[PDB]
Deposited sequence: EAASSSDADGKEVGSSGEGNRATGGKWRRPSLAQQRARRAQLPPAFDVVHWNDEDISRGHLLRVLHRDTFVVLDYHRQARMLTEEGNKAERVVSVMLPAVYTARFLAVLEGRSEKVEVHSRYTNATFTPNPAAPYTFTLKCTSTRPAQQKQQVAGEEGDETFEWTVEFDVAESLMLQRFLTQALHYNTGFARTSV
């Protein structure tokens, strides 16, 4: 009948924060090429938070720093799912801040690629996130849950 301090604390954290999963691509060998994409669900939007690796994993401080955040309206969920499920060969997202595509990666079955060119007041930042077999499956289940909940099936 223990008393768990942290266990109680992280329980509430997980519950309050947005449902999400992380696509981690660290690279201490070369910090400039390491990145983190956190995929979350907040206020009916699927949010893609792209981060660059800050410092090597072998040191204090936050290992990542958020560089750009793309918010995808609910209508894009089914279009991304269509690519993950093999019905569509591509989905394009166009905004005055984002121009991105999500497509299958020829290199291996069941793998996909997110390529994006972001812009802000005139600044521009190009980034790519590869999804291997596991990461793609994670995105397909995540989007499946987001569509299920956003549709109202858990009310």
item	value
Deposited residues absent from the coordinates (by C-alpha)	1-25, 147-158, 193-195
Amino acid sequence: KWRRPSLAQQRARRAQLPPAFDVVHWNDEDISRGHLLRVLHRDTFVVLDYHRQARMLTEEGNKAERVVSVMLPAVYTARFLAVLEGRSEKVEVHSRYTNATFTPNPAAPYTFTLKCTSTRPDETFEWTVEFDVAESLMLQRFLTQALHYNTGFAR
From here on, numbers count along this sequence of modelled residues.
item	value
Stretch with the greater mean C-alpha B-factor as recorded in the entry, comparing 102-110 against 29-37	29-37
Mean Cα B-factor comparison, 60-68 or 45-53, giving the higher one as deposited	60-68
Selection by C-alpha B-factor (highest) of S136, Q9, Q145, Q16	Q9
